[PDB]
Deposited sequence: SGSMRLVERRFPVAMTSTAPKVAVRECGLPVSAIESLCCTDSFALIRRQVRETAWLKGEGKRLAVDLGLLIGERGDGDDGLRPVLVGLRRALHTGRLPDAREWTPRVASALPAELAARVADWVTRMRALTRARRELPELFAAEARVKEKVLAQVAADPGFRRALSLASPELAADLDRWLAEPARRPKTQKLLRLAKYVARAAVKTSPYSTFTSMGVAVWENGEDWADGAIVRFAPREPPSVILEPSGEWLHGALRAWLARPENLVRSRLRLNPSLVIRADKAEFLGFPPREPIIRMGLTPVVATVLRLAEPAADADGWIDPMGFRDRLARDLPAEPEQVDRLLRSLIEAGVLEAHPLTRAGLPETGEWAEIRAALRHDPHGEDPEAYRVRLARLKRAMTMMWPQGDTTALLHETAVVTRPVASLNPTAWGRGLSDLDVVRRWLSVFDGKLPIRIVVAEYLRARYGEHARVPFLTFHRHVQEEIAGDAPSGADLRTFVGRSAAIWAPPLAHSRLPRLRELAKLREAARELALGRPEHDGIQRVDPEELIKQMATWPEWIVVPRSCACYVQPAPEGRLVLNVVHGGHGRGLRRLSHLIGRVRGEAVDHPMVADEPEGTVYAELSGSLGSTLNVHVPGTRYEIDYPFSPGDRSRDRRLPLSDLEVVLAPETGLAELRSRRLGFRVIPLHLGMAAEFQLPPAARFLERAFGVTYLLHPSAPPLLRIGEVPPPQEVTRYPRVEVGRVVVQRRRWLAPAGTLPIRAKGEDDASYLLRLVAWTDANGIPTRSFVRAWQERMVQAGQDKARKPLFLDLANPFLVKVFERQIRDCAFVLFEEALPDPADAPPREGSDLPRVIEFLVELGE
């Protein structure tokens, strides 16, 4: 079970140190003492009223004060009144009055204490934000705010505006508690399993001495490919290019059908002249041993098979390239040969930054950005540069006996979550289209199927209705409109989902936890029909929590997706590749094949991890010609076992399972690739305060405890000069509703009520919000796994690949 670890770049002490510990402890005492006094007051009013009617004024007024929570008037609580009561009631009343008086004075003290503590935390914020790793991450993410931080550090007691402080505090929180790839903010490395036995400890994990992260700077894939195509279109770079036939090209005995340039990937049908048709035929023998076509020898080769005239062998070739039938690619791995502008880019990208302070980093990046735009425009490209932080040595060892039950529970969970996959309706609808248009035993060239489906989506007919609903632009009509659908299997799916949900939720809440036994989900699964197929491998992102819990954040496709990028980034930093193991082709008659090349994204560059590959129009791969399945070679058939559409190689017979193993999001995939993944891939991806409990499937936390608060329930700073009195009212409301001190509020906001910065960020974000969802912080930052020496505890997250 292959494992990686993502670690926050700031230690937990970084956000702990921003808490106003003294005044919050007093805010908490006050809130609990106010609630206890008000409760006790009302109970003492009951007992006093009993006493009143046991006799048969003053008492009626004292009663009224206790009931309503105010100090009794001097005339309502006197030695005589205390005399007319039973000693135990008199003493209870006495204690209440004392405590009420103490509470009132402590209410008066609080605002100066809190204000003074909050203000001291301003300098603690700069202390925490001084970290070099953090300033570097911030410098990429937010350069002006980062320069302002650098000035603050150089000029202390140059107290920046509140709004800058809130922005800094938010990034600090991100870097201390959020395990998302955002830039130097977190870093990633591999974990290993270490010899049970050595864990008398009790630890589930043990960390090596902290390796300083190494950083890899990369250009926007979209920038890169726009600039590359620009260069490949210029006449002089034909001799610096190789050519190949577009692997979507299909000659339909008359016309050429193919897919054109990304990102709008038009489906193209064009008329062949007999000369163009012969040009396309002679591309075959003109090809390399690996399919590439030397353009010079091809222009001659054409000169002496057509008539001679080179002047128009060139324009004909040019017209084929501009059209997309023949693809121009550069001569070398990643970038262009060594042309002037490209070797500067490539070197500046590669520049080892060592010893560089954040201001020099900012300067350097701004300069690189310019050279990029004085070459191909940014356009609407958001971010021209990304950075990623990795470590080269294993970061941690894992305790295989303490992990054990958790991984077992996780596998059961991983399988059961298949029923919820947002691609299942797609599969069902696509399969039904196949059956309806072409017949149960039909075998449809993939490209013709893609075109037909796309025609249905663009047009108007009821034959296209389901495709438009589930495969078209839309999440659905309202929610995924199953249950009341024409297709039986969409309705069977809806009931299978409802039964899955009701099995999970049909159980008691004890201490805010509903606990599902994994064997219950195994029992439910043995019942499912064959058209729910469980992926063979999943990347499970989990965070450990107390009592051996794994909190599941995210599942995606496995097969090394994620890990393969990590191996390739480590390989770049070390200067030697990591042999990530290959995907096994199984059962016989089935192969797994990733899409060739990187499909326009730097997040798809990785250890090539499938034997064969789907050879994809403008995204050449790195495989022997015999190991390429061109789009032209794929067909779509209905499988008898599942009744779902599958892919076959016409040339070789195998069932072909398309894989996306790069880290590009599915919407960044060009259209036919997106369709392949969505349709053929085997991965998945009121009126008062309402509490939803946490849901665990033995030790795997599948849903964290939550609290839903409508707009109207949540305290609002009355801008009648409200100040710290606000925190008091907010903490009174949260405590009364069981909302913990630390939570993630809905990208979720980390809220520490003790942190004066995060409370204000919270105040500001939630205005004009219809609902506010609080989620327990689990693991809590305080629960971060311990360390040795001077390495401070950090929040972490594991990528665990389960197979």
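Participant: Go through the deposited sequence from residue 1 and tell me which stretches lack C-alpha coordinates, in order.
Facilitator: Several regions go unmodelled: 1 to 19, 76 to 82, 712 to 727, 789 to 803, 861.
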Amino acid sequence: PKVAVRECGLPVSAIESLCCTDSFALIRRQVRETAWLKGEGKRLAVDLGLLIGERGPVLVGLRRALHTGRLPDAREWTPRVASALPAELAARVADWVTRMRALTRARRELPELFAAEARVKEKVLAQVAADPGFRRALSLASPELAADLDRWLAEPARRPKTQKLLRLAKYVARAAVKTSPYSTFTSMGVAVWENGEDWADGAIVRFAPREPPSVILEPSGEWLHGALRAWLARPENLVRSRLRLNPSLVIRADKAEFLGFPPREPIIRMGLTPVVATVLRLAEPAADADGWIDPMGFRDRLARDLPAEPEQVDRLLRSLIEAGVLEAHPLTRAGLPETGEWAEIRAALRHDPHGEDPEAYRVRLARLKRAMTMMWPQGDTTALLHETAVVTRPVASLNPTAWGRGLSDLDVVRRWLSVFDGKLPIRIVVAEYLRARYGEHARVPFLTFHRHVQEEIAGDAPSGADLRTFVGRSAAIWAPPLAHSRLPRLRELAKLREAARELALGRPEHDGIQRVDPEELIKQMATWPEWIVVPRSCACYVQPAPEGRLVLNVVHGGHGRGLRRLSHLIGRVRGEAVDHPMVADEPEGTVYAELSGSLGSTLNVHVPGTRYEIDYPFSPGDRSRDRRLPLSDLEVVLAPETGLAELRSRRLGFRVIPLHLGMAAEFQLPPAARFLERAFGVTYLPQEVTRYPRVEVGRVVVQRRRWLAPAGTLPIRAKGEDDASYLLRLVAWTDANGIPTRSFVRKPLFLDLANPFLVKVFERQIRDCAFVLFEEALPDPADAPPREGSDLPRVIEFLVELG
From here on, numbers count along this sequence of modelled residues.
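Participant: Mean CA B-factor: is it higher for 293 to 301 or for 487 to 495?
Facilitator: The recorded data point to 293 to 301.
Participant: Of 467 to 475 and 696 to 704, which one has the bigger average CA B-factor?
Facilitator: Result of the comparison: 467 to 475.
Participant: Name the residue from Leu145, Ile657, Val429, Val607 with the greatest C-alpha temperature factor listed in the entry.
Facilitator: Across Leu145, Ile657, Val429, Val607, the entry lists the biggest C-alpha B-factor for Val607.
Participant: Go through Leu59, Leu44, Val761, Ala754 one by one and give the residue whose Cα B-factor in the PDB entry is largest.
Facilitator: Answer for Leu59, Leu44, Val761, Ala754: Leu59, with the highest C-alpha B-factor.
Participant: Please rank the C-alpha B-factors of the chain's modelled residues and tell me whether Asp768 sits in the lowest, middle or highest third.
Facilitator: Highest third, going by the recorded CA B-factors of the chain.
Participant: Would you please rank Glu122 by its C-alpha temperature factor against the other modelled residues of its chain and give the third it falls in: lowest, middle or highest?
Facilitator: Bottom third by C-alpha B-factor.
Participant: For the chain shown, is the CA B-factor of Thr401 in the lowest, middle or highest third of its modelled residues?
Facilitator: According to the entry, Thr401 has a C-alpha B-factor in the chain's middle third.
Participant: Mind checking which third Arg29 falls in for C-alpha B-factor across the chain?
Facilitator: Middle third, going by the recorded CA B-factors of the chain.
Participant: Lowest, middle or highest third: where is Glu211 by C-alpha B factor in its chain?
Facilitator: Bottom third by C-alpha B-factor.
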